[PDB]
Each structure stands twice: as structure tokens, then as C-alpha cells.
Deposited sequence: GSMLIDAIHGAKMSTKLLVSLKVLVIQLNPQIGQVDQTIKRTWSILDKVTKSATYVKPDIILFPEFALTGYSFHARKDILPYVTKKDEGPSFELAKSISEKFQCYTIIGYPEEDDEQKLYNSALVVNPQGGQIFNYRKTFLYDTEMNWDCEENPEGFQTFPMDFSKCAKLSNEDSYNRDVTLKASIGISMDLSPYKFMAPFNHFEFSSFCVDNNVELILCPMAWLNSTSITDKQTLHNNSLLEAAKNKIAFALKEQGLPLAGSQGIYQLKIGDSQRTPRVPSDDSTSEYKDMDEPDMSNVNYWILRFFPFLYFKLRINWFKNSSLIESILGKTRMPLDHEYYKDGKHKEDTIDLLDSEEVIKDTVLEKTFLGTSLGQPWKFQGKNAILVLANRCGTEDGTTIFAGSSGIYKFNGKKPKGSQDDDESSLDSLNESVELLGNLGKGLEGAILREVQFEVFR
């Protein structure tokens, strides 16, 4: 049974700096105020913030982050999300540094329902270099899905208003979750997006603190004070030339509220990575993010992969998580056994292909919401901003924004704080 859905999605893009939690909270309320005063404002069903949205990101020691960590149901990030959810009767998802009762630290995203109750807490599964600075843990559950009960958001195709309720299968992936594991696993594993396709996820939510490639990441440079000083000077000049303070822009808000301006499809070039034109998205990263969702994209070659059974061994042989992941540290050959083939094995995919279909996602819909922070930290790290909303439409082989099986519903710029609201329409089957 086809069920039509209409979701009002609001994404907030912030430039939080370490030690400015109260100021960031104030700017957040300012943004939300300006949003409600928009000419085309409509009430959001869901509001998404970036990774470590109120705290800043680049913590260099456990001691430095400890004054900002909180239990999943206490503290500034949680109280903000509860207040927002209660005032807007929506789901609110925010990234925050978490401590648990056993003094373990995580990079997390909490989810609050329209009643102001916390319904979920997701912990980052693939960690980035920065997390290793302060003793962050991997999510022992690995990637996860959860239900989100939406009220008055759905209809049958014959009906004339969205007056039905719907429970969508959602998944949160925090930044590095989208990357090959440790940057060492094969690129074409597409772990997170394969997991979402495998589990028939309909709503994908990604709080991120994702870098623009102008950032200094070369390890030899970071650990040679002469090379580092020279590299920092280059970024300094790059911001000065833009009329920006070294930390990037704060408090000047780009609002795209309820409009229908789509983001132009563009190939990555030597120029699309430049940290220039702050109100335009970083299309190098937009294209890269789209590529990491390859299993959701139409690709002609899958028909040959399926016909030749080229991926059967890959599909059968893949594990739920990487073998050395926290996941197995305590969870735990069908072609050579007498055990039967379970439904779950027939849902598994590799490169978007399953044992039963060339392209498992074909004919389906999924929504991707990416909330990425903007600004700069340490004089070395420039975040890409470019928060956006995407629809994978499942319709029938560029590996970027030119692929028409993804719809770019709208993006913010790479460099300004702000908010984007889009009505997203799609279908699910029930």
C-alpha cells in the first residue's frame, strides 16, 4: 500500500566556537525567531542541528572537553532541544558531547519528540582523528535505526490532504559514519549508506562537522612546526582576503525558509573546493556526500553485475560492521551449509545490488537531511557548511550531483550561519 508523505524539514547551520555555549544558544534562538517571521514560514515537523552544535568541535584533550560533556538527558543541548520541540511541536535532533554513568565519552546526537521527551540517543560509530584526542568511544551498537511517529503527515494517493499518521524508519549518521572505516577500508564498501539501504531506511539524518578541503590535514605538516606555521599563514590570508575573522562568520544569517530554490547540478572541478563565495554551497563536498550514498543512486552497470552474479560472494560475505569495530568487542558460509537463506540475507546489498535485484533501492524513496556546521577552528580547520536536503527517488550513471536519481531540494552556503526549510514530498509503502 503506497502512502504519500509530506514533511516540513528545518536545518540549522551554526558556527559554534569552544567556550561560547551560551552565546551559541542565544544566536540559535535569534535564528529561530527570524525563521518564524519568514514570509513563507510553515511549522517544521523536524529540526536538525550539526555535530557538536553548541560546543565547538576541535577538542585536543579529554580535560578540555570535560566542562562541556553532559548526560544524554541533562544539560544545555538537551534543554535546548526539549524547549525547541515543545515550542514547535516537532522532533529535534542535536549533536552534543556525551558522558555516561560509567564516565565513558561519546560523540552523540539526541532526539526529542514533540512532547519534549527524549526518544533516542545515537552515538558516532566511525570516529575521526579529532575524537581520538579526547578518548571518545565507538558506538558499541554500530549503526542504528529507530522509528519516528509523525502526526498528520501522510495520505493515500486518492486523498486530498495529509491527514494520516506515519511511522518512518530513520537512521542518524554523524559525519565520519559516511566515510570508509578509519579511511582505510575499501571505498566501495559504502558502510553507512549500505546499512541504510539494507534496513530499508526512509529518513536519513546527518549532523556533521565536515571539512572543506582547504583545511590542513597532512600529518607531516601538522607535526612539523615550520611547515605548520607556513600552512596556517595560508589559511589566515584566505580568510582575510574574504573579509572574514579567522573563526569565520557568526551572527549573520542566511535564511532559505519555505522557498523552492533547488541547488544546481554541477561536476567537481579544481575550483569547486575553493573557500570563496560564502553564500554558495561547497559543491566538491556536496558531490562527495552524494557519492558516499552510491547504493541509493541509479547506476547502469548494476544490470551486468546482477546477470553475471559478480557480487554474490561480496553480498554473502559482508559482515554487519567491520570485524575490528567496537560492535564485536559482544555480538558475533551459507553456500557451504545446510542452514536456509533467511529474509535478512535477501535484504543485504553490496554496491546497491542484492541477491534478488540488480538495484535494491529501485522504485523506492528516501530523504537525506545533512546539517553541517560552518566556520573555522585552530587556524587549520575550515568546515564546509552547505547544509542541505536531498531526495533519492529510486528512478531509472554520473557519480555526483548530475545523477538525476537524486534531487537537490536546497542547500545553504559554505560559510554563513543560517537555516533552510523545505517541504519534502515522497512515498513509502506500508
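Regions left out of the model, expressed as runs of the deposited sequence counted from 1: Unobserved in coordinates, per deposited numbering: 1-14, 344, 348-352, 417-425.
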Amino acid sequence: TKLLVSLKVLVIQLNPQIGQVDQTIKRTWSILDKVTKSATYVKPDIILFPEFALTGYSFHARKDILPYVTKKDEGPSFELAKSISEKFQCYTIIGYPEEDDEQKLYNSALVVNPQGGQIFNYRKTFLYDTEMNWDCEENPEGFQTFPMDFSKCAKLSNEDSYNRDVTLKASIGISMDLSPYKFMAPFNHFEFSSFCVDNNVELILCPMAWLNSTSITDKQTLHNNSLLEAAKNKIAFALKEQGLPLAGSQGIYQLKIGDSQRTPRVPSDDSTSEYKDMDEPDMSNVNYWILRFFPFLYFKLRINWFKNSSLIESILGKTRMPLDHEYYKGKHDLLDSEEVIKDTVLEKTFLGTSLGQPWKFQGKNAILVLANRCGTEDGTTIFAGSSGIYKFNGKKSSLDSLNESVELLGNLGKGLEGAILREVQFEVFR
From here on, numbers count along this sequence of modelled residues.
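Determine if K331 is unmodelled in a third or more of the other PDB entries compared for this protein. Yes, left without coordinates in at least a third.
Tell me which of 60-68 and 386-394 has the higher mean C-alpha B-factor in the deposited entry. Per the PDB entry, the higher value belongs to 60-68.
When the Cα temperature factors in the entry are averaged, is it 351-359 or 203-211 that ends up higher? It is 351-359 that shows the higher mean C-alpha B-factor.
From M176, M283, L291, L168, pick the one with the largest CA B-factor in the entry? Among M176, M283, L291, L168, the PDB entry lists the largest C-alpha B-factor for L168.
Report the option among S249, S310, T92, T221 whose CA atom has the maximum B-factor in the deposited record. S310 has the highest C-alpha B-factor of those listed.
Check where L297 lands among this chain's C-alpha B-factors and tell me if it's the lowest, middle or highest third. Lowest third - that is where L297 ends up once the chain's C-alpha B-factors are sorted.
Ordered by C-alpha B-factor within the chain, which third holds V340? Give me lowest, middle or highest, please. Its C-alpha B-factor belongs to the highest third of this chain's values.
Please place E377 in the lowest, middle or highest third of its chain according to the CA B-factor in the PDB entry. Lowest third.
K234 - Cα temperature factor, lowest/middle/highest third of chain: Its C-alpha B-factor belongs to the middle third of this chain's values.
For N225, return the chain-relative third of its C-alpha B-factor as stated in the PDB record: lowest, middle or highest. For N225, the deposited C-alpha B-factor lands in the highest third.
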